[PDB]
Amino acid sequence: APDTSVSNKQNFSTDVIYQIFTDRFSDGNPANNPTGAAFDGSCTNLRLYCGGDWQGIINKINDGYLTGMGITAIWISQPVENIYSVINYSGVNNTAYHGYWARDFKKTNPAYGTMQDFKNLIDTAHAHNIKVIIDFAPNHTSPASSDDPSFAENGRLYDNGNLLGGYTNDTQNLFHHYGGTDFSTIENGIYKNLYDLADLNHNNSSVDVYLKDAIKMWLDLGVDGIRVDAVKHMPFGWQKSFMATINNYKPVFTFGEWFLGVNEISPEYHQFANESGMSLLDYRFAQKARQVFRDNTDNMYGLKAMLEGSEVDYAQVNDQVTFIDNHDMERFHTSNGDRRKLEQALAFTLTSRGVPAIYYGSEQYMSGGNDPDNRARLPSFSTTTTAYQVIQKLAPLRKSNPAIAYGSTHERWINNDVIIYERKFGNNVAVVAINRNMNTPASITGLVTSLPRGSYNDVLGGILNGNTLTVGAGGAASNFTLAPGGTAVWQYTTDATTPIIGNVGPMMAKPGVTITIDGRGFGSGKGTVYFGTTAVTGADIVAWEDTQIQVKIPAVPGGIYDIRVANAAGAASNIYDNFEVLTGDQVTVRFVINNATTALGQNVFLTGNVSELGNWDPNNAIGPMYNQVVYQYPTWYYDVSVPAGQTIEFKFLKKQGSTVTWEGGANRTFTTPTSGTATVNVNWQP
């Protein structure tokens, strides 16, 4: 089926996501509304339920509000049953309207609808070529106090109505009992509770298996994507076995949220996007777009440097979800902000690399500060705002122009207030010119592009004051004046003759799993897929057409491989790197080592004989391990995704700078479980 099909659950670069807080969008069925203290139909107390549900989203797909805009994916609130308590936090009452306080991950939140309403949403969205992404928040259940069993629902977890346990008198240790995080370290933020939310213990086998069974159920109901909440607050090792469960079962696009503040660049963030199996909400893009287009705290050179730098730092930049605001940020549009600023930032996001996500109500110019003021009910479903027309004209180019869905980003002209960039994929081109200065015209001279000669009409139709571009010989544009606030988009599409790979999903899975390779120029006849130097042909290629190949991963050893495609004529594509073949199914094992004293700056790591442990290479060892919360120095510990049902060999080592000190003695051995978790508790061998 083509890369642009609604059935492509693995890659979303050709999509535009609309992020919906279910409760704040449309109340299509008032009979399922919470009653009493939990409900506010006027939606003026924004911490209560206002009544929005899945029938409301179905109505807005059916009547053309969402499809008229060109939206091809909706991101909705976590669908699972939440606690029913109205919690009074210092006078103000609070409900689970946001979906984040789960009590049963196998049932629906009845305020949103029944299981049949969820199914009708999937089917209605798919029948209108809209993919459905759900939030999933496996880090916690709900607010709880072990000291006060009567507070809220005591964080209790049910499995399809059967109570597994609560936070008070947690004899099975389903939860962590280490106190609340102060966010001082990543370790601290993982094993301690976020605020008062009962922290799930993923090293408990019942919890591990339950959460994995639960995500499979939602995959079985037809969801096309998962946004995982709080990825910075769960063990990386556990989340990698969780991604392995999804990808080895029914791979769908998965991305997490790891917040970054203005000008913050975090190596751990980029390492998570590059090695976890899921991509991220691109905060780096979002914060810089807001500094240049909203707050005027940086100029176009800052924008250029983020675009150029992120192309390198993210191994798969076409998988990052971009946005200009969302549920954790003040709305982009302010009371005294010019509406053109929002209109340009939306144009920039819709034509840039990644997967664009538009927060509900952007097209209606909603203003609002932080939580909960950025979650007001949508005021209007007017389909004629300039913001609605901008998304309506640009969001289709993601399906029609592969340079926008997949291409490289190249700055063609710039100064403090103007950027003209080009997106290029094969011979498909899109060129975007943005003047953020609302008062001054920009004289453009010397612009050169990859456009064939012609008179290109602005895809926006002049609504943001764009103009026609005349391109002469050799891609040289005739000189022009870009209007104050001007934004224009010019494009050219044609066939690719050469194979070009634009995206691959999933990027981590065991031998036997079918992966999806999207791009252009693959041709109609079945050709060859290379995993490193291993060629895959014939029956292992499940489908081949010009924009998409589906192929089974060969039985090669675990490790990182480059993907390359050769069409039937033997012409080969660009290399798509960093694909991880797993040794097999994954389980998370906690490795604990005692008596490992270290010097300043010296940490303990783990390595062993499978790719998941770095195949004995100190530079790819797992760690640095932890030593403060669950166990304390000189005991170190870490949760690691390792192949299931196998005897692995390993050794611990200390690293400080370039110096590696290996444990002495024989290599350690351990036979991993087939499912669930296990703990290895050992003593440093001198």
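One-based numbering along the sequence shown.
Student: Out of 99-107 and 439-447, which one has CA B-factors that are higher on average in the deposited record?
Tutor: Averaging CA B-factors over each stretch, the winner is 439-447.
Student: On mean Cα temperature factor in this entry, is 124-132 or 158-166 the higher one?
Tutor: Higher of the two, by average CA B-factor, is 158-166.
Student: In terms of CA temperature factor as recorded, identify the highest of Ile434, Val312, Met366, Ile517.
Tutor: Largest recorded C-alpha B-factor: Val312.
Student: Of the options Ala430, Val581, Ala473, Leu280, which has the highest CA B factor as deposited?
Tutor: When the deposited C-alpha B-factors of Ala430, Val581, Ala473, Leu280 are compared, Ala473 is largest.
Student: Of the three thirds of its chain by CA temperature factor, lowest, middle or highest, which one includes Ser641?
Tutor: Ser641: CA B-factor falls in the lowest third of its chain.
Student: Among the modelled residues of this chain, does the Cα B factor of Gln685 put it in the lowest, middle or highest third?
Tutor: Highest third of the chain for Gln685's C-alpha B-factor.
Student: Would you check the entry's CA temperature factor for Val504 and let me know if it's in the chain's lowest, middle or highest third?
Tutor: Ranked within chain, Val504 CA B lands in the lowest tercile.
Student: Taking the chain's C-alpha temperature factors as the reference, tell me which third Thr493 falls into: lowest, middle or highest.
Tutor: Ranked within chain, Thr493 CA B lands in the highest tercile.
Student: Give the position of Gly56 by CA B-factor within its chain, expressed as the lowest, middle or highest third.
Tutor: Lowest third, going by the recorded CA B-factors of the chain.
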